[PDB]
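K.L.:
Here you go, one structure.
No Cβ is skipped: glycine too gets one built from the backbone with ideal geometry, and neighbour counts run over all protein chains shown. The values are calculated or read from the model by the stated rules, or taken from the named source; no laboratory read-out is quoted.
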Amino acid sequence: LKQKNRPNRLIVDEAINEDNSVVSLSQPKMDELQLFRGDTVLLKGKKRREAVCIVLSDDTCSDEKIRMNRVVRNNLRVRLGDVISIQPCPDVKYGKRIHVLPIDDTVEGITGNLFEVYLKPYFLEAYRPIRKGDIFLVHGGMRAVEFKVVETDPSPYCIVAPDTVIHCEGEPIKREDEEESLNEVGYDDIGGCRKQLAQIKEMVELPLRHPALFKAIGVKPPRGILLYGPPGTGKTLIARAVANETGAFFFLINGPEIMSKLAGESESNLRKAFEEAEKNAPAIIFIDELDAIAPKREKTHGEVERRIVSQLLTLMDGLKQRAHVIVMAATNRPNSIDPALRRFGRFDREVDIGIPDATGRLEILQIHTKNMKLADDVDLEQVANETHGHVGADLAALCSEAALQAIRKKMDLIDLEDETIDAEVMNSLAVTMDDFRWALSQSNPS
Amino acid sequence: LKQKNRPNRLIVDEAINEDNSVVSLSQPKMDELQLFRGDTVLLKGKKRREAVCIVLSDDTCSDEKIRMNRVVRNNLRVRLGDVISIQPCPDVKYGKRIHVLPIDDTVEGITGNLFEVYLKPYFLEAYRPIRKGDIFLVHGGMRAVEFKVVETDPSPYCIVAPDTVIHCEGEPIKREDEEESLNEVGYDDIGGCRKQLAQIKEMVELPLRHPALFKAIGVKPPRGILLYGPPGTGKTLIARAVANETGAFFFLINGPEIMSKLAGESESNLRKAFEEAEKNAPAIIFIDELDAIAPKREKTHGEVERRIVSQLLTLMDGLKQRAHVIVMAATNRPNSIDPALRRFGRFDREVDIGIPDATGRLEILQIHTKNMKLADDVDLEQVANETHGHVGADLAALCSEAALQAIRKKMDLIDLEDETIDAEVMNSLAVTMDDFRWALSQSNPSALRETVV
Ligand SMILES: Nc1ncnc2c1ncn2[C@@H]1O[C@H](COP(=O)(O)OP(=O)(O)OP(O)(O)=S)[C@@H](O)[C@H]1O
Ligand SMILES: Nc1ncnc2c1ncn2[C@@H]1O[C@H](COP(=O)(O)OP(=O)(O)OP(O)(O)=S)[C@@H](O)[C@H]1O
Ligand SMILES: [Mg+2]
Ligand SMILES: [Mg+2]
């Protein structure tokens with residue numbers, strides 16, 4: 001499973017100064033796709049992000065490309081060169097009411113009514129399509145304020161008509177909250193695991209999306225997938241990526257979290273997890289650190305511990321064939337899991353999330369430095385070559401250490417007590433190859 | 001115990017275009033059986049399925065055969081060539097009301113009042129016999145809708161007379177739910193176990209059905225039957241089969257399920273199991289994964305664990321001789337079970353559910369591919385010969401892997417994101433002998449043939 005050419009899959013191209021509500025295609029592409037000037041369209045990017053836009057023809061736009069500005073790209077979680085899909089969006093109703101909120105660092109020193117100075121002029125007679133979760137910037141007077149759509153009615157998208165009530169009351173959204181959302185883990189945040197992610201799409205996502213495929217040929221897909229491998233290889237990261245990328249309902253079950261609960265509560269929470277999944281099928285259940293809740297029914301002296309293992313076995317068996325629920329799990333101690341959980345019809349497929357090679361190490365180093373300020377002498381391939389035996393977590397730690405060393409080198413220009421770090425220290429901060437070589441000397445993968 | 005020739009046992013034969021309410025016999029058969037034109041009859045198929053029909057003579061019908069259409073065959077869970085039984089059904093009364101529901105995939109884009117367009121014209125002045133659980137198809141305008149009979153009054157069958165109230169209101173039945181039902185496990189879904197299924201019928205079904213036989217000769221039949229053998233040999237499958245085939249009440253007790261319950265709740269559920277069985281006798285109790293609830297009273301450090309074992313012992317002893325309850329159990333670790341449970345009067349009979357041979361393996365492979373699209377080059381006897389050391393579960397896994405490989409080969413025509421798989425990919429999908437060879441050559445099937453020489 002790689003990415004196939006389809007007529008509605010298009011490469012993201014720039015449109016500086018373009019309005020937030022507009023995307024451009026070439027006329028032949030529009031003709032191919034049966035899209036007419038002014039049509040509302042639905043765009044799909046990464047990590048299940050969507051955007052509703054107006055489509056306009058552009059004779060400077062290549063057939064295979066879509067022009068869109070930076071606001072739309074950010075909402076779609078995509079960069080220039082990425083691929084998106086476009087489809088008609090005919091069903092879109094005029095809005096009854098919408099609720100948007102300002103981002104806290106764009107309104108410090110509250111001056112000017114937000115509705116009157118920003119939103120009213122932005123939406124005035126424009127009939128903008130909007131979607132819940134959109135972030136958009138607006139200029140008002142000599143200032144710019146960033147807003148988030150928190151709710152729309154109808155949900156999750158509508159047209160902002162003259163009659164749509166615009167609510168902007170409440171506590172401003174924190175930049176840190178939205179920045180945490182903005183860099184939620186996707187498949188792109190996973191290095192050195194191309195083969196495994198493909199195993200995962202074929203065993204988990206494909207049967208949940210297209211069960212007709214499996215019915216057609218007359219095969220029941222396996223329902224239990226164990227990720228295993230040593231610590232820090234990316235098992236939990238992959239879970240986060242699946243959670244954020246899948247089209248199914250996702251229910252995370254954390255091993256130590258169940259085990260931390262009162263006797264009786266552990267079992268109950270497991271049952272509720274499976275029930276929620278079932279009710280919301282198609283669904284994925286992910287049981288992280290499976291060994292914590294399901295060790296061999298001999299290496300648990302506790303009656304409650306054996307009981308919880310029994311409870312999971314019952315829940316795995318209890319999942320009807322037509323439930324459309326795939327259970328994923330992860331462990332760094334697979335030989336410690338009760339063998340009963342590994343029988344036909346339970347966890348009977350396995351995916352080795354192991355030690356990356358040099359090429360995978362480089363992938364991982366590029367991912368973990370993407371938001372890091374690097375000097376021009378940083379050679380990551382050279383770092384990749386010198387980190388044999390390192391897994392993903394050792395590489396992220398190495399990157400952090402090089403950064404921390406870069407900061408340590410300015411401790412002669414920082415005083416802990418100042419309320420403000422000197423701007424020119426802030427502006428010039430870069431991680432150098434030397435900082436990396438120094439971390440390479442401190443890095444111990446154990 | 002094999003199948004005996006009886007005058008009312010007949011071979012299922014085709015009747016294309018026949019009405020859903022009609023079966024045909026030869027006139028001599030009808031004479032033999034004392035059946036007259038238009039009589040209502042009760043048909044019995046597999047997995048306790050029944051059908052009520054009208055019987056008509058047919059001079060093209062062999063004496064030993066019964067003609068019936070595809071609707072009736074599906075209701076009886078039988079195919080062409082299977083045997084069914086027929087008997088008069090004189091007791092049948094006009095229904096006060098019946099309730100049916102459409103199948104969801106037959107009503108998408110809800111066009112038409114279902115009663116007026118389909119049911120009314122289907123039942124109009126026809127006086128159709130119908131049974132709870134029947135599925136039947138009806139054409140109305142340019143469409144066809146499949147319905148299930150969910151309830152009848154009287155129950156479970158009646159005649160749909162002019163004055164019978166037909167209800168079709170409610171949420172449509174899911175096709176997936178009925179496909180699951182249709183493919184519920186029977187004795188035909190168990191391969192390579194002929195000898196053991198006979199042991200089971202002789203030790204379980206026979207004393208429950210004909211206790212007089214055992215009384216007459218003066219013998220108390222054993223009341224505890226332990227199925228044992230290695231993992232994936234079909235112990236649970238057999239339990240499913242028995243549950244769906246037996247004429248008795250069936251109460252399943254799952255080991256890990258009892259063990260997952262609160263201290264005190266485990267013991268209570270065991271008691272309730274035995275009580276329900278007793279109240280509903282003749283009954284079978286099946287305790288799957290017995291080792292989970294009854295390991296040796298030394299290899300359990302838990303007071304509650306020892307208490308549960310004691311509870312089962314008490315419940316086994318507590319079953320009066322006239323209770324008409326047979327307890328089956330299954331385990332893949334029989335030497336781990338408390339020896340007290342294997343004394344005279346408890347689990348004192350045993351059935352070895354073991355490794356199949358090549359002929360058994362082939363049976364298993366035909367069962368597991370019956371609903372699978374096979375290419376013409378698939379040679380299952382050859383697959384049987386190349387799976388030494390394989391049990392049932394390994395054969396089902398082998399089949400699934402071949403099919404999964406077949407799908408993997410089309411991953412250049414499938415994009416995960418499409419709403420719809422391309423039709424001609426759907427239509428042409430078949431598992432080939434190469435797909436099977438690929439599955440056979442895999443680490444796991446290959447490591448497994450060494451295991452049993
Ligand atoms: N394949 C990878 N690609 C990119 N970053 C990775 C990878 N593996 C690990 N990392 C980094 O290391 C961090 C910790 O890894 P986790 O996914 O929590 O390890 P894990 O495999 O779940 O470990 P265990 O078994 O719970 S100790 C991640 O959150 C990433 O920042
Ligand atoms: N004799 C058989 N005939 C046909 N199919 C079988 C047979 N045995 C196993 N299978 C297949 O393998 C699957 C698992 O078999 P089960 O009956 O659950 O195994 P089991 O013997 O109960 O295993 P344990 O002891 O609980 S691990 C079944 O659902 C069938 O698909
Ligand atoms: Mg982890
Ligand atoms: Mg079993």
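K.L.:
Considering (1) away from ligand 1 (no atom under 16 Å from the Cβ); (2) part of a loop (DSSP other than H, G, I, E, B), say which one A:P207 fails and leave the rest.
P.N.:
(2)
K.L.:
Condition (residue is away from ligand 3 (no atom under 16 Å from the Cβ) and closer than 18 Å to A:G229 by Cβ) applied to segment A:330-341: is it met by at least one residue?
P.N.:
yes
K.L.:
Give the residue that is farthest from A:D188 (Cα to Cα), with candidates limited to residues of segment A:258-277 that are among the charged types (D, E, K, R) and out of contact with any helix residue (DSSP H, G or I) (no Cβ under 8 Å at 6 or more places or on another chain).
P.N.:
Among residues in segment A:258-277 that are among the charged types (D, E, K, R) and out of contact with any helix residue (DSSP H, G or I) (no Cβ under 8 Å at 6 or more places or on another chain), the one farthest from A:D188 (Cα to Cα) is A:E265.
K.L.:
Which ones in segment A:202-225 are within 16 Å of B:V425 (Cβ to Cβ) and either free of Cβ contacts under 8 Å to residues at least 40 places away in the same chain or within 16 Å of ligand 2 (Cβ to nearest atom) (or both)?
P.N.:
Residues satisfying the conditions are A:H210, A:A212, A:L213, A:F214, A:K215, A:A216, A:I217, A:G218, A:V219.
K.L.:
Among all residue pairs at least 6 apart or on different chains, which show Cβ distances below 6 Å where the first residue, located in segment B:365-382, is among the β-branched types (V, I, T) and the second is loosely packed, with under 13 Cβ neighbours inside 10 Å and in a loop (DSSP other than H, G, I, E, B)?
P.N.:
none
K.L.:
Moving on to the next point. Answer yes if at least one residue in segment A:327-335 is more than 12 Å from ligand 1 (Cβ to nearest atom), surrounded by fewer than 21 Cβ atoms within 10 Å (Cβ to Cβ) and more than 14 Å from chain B (Cβ to nearest Cβ), and no otherwise.
P.N.:
yes
K.L.:
Considering segment B:325-346 alone, what residues qualify as being touching a residue at least 24 places away in the same chain (Cβ under 8 Å) and within 16 Å of ligand 2 (Cβ to nearest atom)?
P.N.:
Listed by number, the residues that qualify are B:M328, B:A329, B:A330, B:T331, B:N332, B:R333, B:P334, B:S336, B:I337.
K.L.:
Considering every residue within segment B:134-145, establish whether at least one is more than 22 Å from B:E171 (Cα to Cα), exposed (fewer than 15 other Cβ atoms within 10 Å of the Cβ) and in contact with a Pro (Cβ under 8 Å, 6 or more places away or on another chain).
P.N.:
Among the residues of segment B:134-145, not one is more than 22 Å from B:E171 (Cα to Cα), exposed (fewer than 15 other Cβ atoms within 10 Å of the Cβ) and in contact with a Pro (Cβ under 8 Å, 6 or more places away or on another chain), which makes the answer no.
K.L.:
Checking B:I421 against (1) surrounded by fewer than 21 Cβ atoms within 10 Å (Cβ to Cβ); (2) of a type in the set (A, V, I, L, M); (3) within 27 Å of the chain's Cα centre (by Cα); (4) within 11 Å of chain A (Cβ to nearest Cβ): exactly one of these is not met. Which one?
P.N.:
(3)
K.L.:
Let me spell it out: the conditions are (1) touching an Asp or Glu at 6+ places or on another chain (Cβ under 9 Å); (2) touching a residue at least 24 places away in the same chain (Cβ under 8 Å); (3) hydrophobic (A, V, I, L, M, F, W, C); (4) within 14 Å of another protein chain (Cβ to nearest Cβ), and A:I284 meets all of them except one. Which number is the exception?
P.N.:
Only one criterion is unmet by A:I284, namely (4).
Here's the yes/no breakdown for (1) outside the structural domain of B:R77 (by CATH); (2) within 16 Å of ligand 4 (Cβ to nearest atom); (3) within 16 Å of B:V325 (Cα to Cα):
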{"residue": "B:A216", "(1), (2), (3)": "yes, no, no"}
{"residue": "B:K220", "(1), (2), (3)": "yes, no, yes"}
{"residue": "B:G224", "(1), (2), (3)": "yes, no, yes"}
{"residue": "B:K235", "(1), (2), (3)": "yes, yes, no"}
{"residue": "B:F251", "(1), (2), (3)": "yes, no, yes"}
{"residue": "B:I258", "(1), (2), (3)": "yes, yes, no"}
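K.L.:
Do we find a residue being within 21 Å of B:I135 (Cβ to Cβ) and out of contact with any strand residue (DSSP E or B) (no Cβ under 9 Å at 6 or more places or on another chain) anywhere in segment B:18-40?
P.N.:
no
K.L.:
Say we look at segment B:342-396 and pick out the residues that are away from chain A (no Cβ under 13 Å) and among the hydroxyl-bearing types (S, T, Y); which of these is surrounded by the fewest Cβ atoms within 10 Å (Cβ to Cβ)?
P.N.:
B:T359
K.L.:
Look at segment B:160-178 and say how many of its residues are surrounded by 14 or more Cβ atoms within 10 Å (Cβ to Cβ) and either of a type in the set (S, T, Y) or within 14 Å of chain A (Cβ to nearest Cβ) (or both).
P.N.:
Selection size over segment B:160-178: 6.
K.L.:
Are there any strands (runs of 3 or more DSSP E) wholly within segment A:1-76 with 1 or more residues that are polar (S, T, N, Q) and surrounded by fewer than 19 Cβ atoms within 10 Å (Cβ to Cβ), and if so which?
P.N.:
The strands (runs of 3 or more DSSP E) meeting that bar are A:50-57.
K.L.:
A further question follows. Checking the condition aliphatic (A, V, I, L, M), free of Cβ contacts under 8 Å to residues at least 12 places away in the same chain and within 16 Å of ligand 1 (Cβ to nearest atom), which residue from A:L404, A:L362 passes?
P.N.:
A:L404 is the lone residue from the list that is aliphatic (A, V, I, L, M), free of Cβ contacts under 8 Å to residues at least 12 places away in the same chain and within 16 Å of ligand 1 (Cβ to nearest atom).
K.L.:
Condition first: among the hydrophobic types (A, V, I, L, M, F, W, C), away from chain A (no Cβ under 14 Å), within 12 Å of ligand 2 (Cβ to nearest atom) and closer than 23 Å to B:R342 by Cβ. Now tell me which residues in segment B:226-241 satisfy that.
P.N.:
Of everything in segment B:226-241, those that are among the hydrophobic types (A, V, I, L, M, F, W, C), away from chain A (no Cβ under 14 Å), within 12 Å of ligand 2 (Cβ to nearest atom) and closer than 23 Å to B:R342 by Cβ turn out to be B:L227, B:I238.
K.L.:
Could you tell me which of the residues A:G140, A:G81, A:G112 is under 23 Å from the mean Cα position of the chain (by Cα) and of a type in the set (G, A, S)?
P.N.:
Residue meeting the stated conditions: A:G81.
K.L.:
Looking for whichever is more than 22 Å from A:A294 (Cβ to Cβ) and either surrounded by fewer than 17 Cβ atoms within 10 Å (Cβ to Cβ) or more than 16 Å from ligand 1 (Cβ to nearest atom) (or both) here; the options are B:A263, B:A294, B:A212. Which one fits?
P.N.:
None of the others qualify; the one that does is B:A212.
K.L.:
Inspect all residues belonging to segment B:195-203 and state whether any of them is within 16 Å of ligand 4 (Cβ to nearest atom) and touching a strand residue (DSSP E or B) at 6+ places or on another chain (Cβ under 6 Å).
P.N.:
yes
K.L.:
State whether the residues of segment B:308-322 include one that is surrounded by fewer than 17 Cβ atoms within 10 Å (Cβ to Cβ), more than 14 Å from every other protein chain (Cβ to nearest Cβ) and of a type in the set (A, V, I, L, M).
P.N.:
No, segment B:308-322 contains no residue that is surrounded by fewer than 17 Cβ atoms within 10 Å (Cβ to Cβ), more than 14 Å from every other protein chain (Cβ to nearest Cβ) and of a type in the set (A, V, I, L, M).
K.L.:
Something else about it: Answer with yes or no whether B:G247 is farther than 27 Å from A:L262 by Cα, loosely packed, with under 15 Cβ neighbours inside 10 Å, touching a residue at least 12 places away in the same chain (Cβ under 8 Å) and more than 14 Å from every other protein chain (Cβ to nearest Cβ).
P.N.:
It is true that B:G247 is farther than 27 Å from A:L262 by Cα, loosely packed, with under 15 Cβ neighbours inside 10 Å, touching a residue at least 12 places away in the same chain (Cβ under 8 Å) and more than 14 Å from every other protein chain (Cβ to nearest Cβ).
K.L.:
For segment B:400-413, which residues satisfy the criterion of being within 7 Å of chain A (Cβ to nearest Cβ) and among the hydrophobic types (A, V, I, L, M, F, W, C)?
P.N.:
Of everything in segment B:400-413, those that are within 7 Å of chain A (Cβ to nearest Cβ) and among the hydrophobic types (A, V, I, L, M, F, W, C) turn out to be B:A403, B:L404, B:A406, B:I407, B:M411.
K.L.:
Quick check on B:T451: is it closer than 24 Å to A:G345 by Cα, more than 10 Å from chain A (Cβ to nearest Cβ) and not in a helix (DSSP H, G or I)?
P.N.:
No; evaluated as a whole, the condition is false for this residue.
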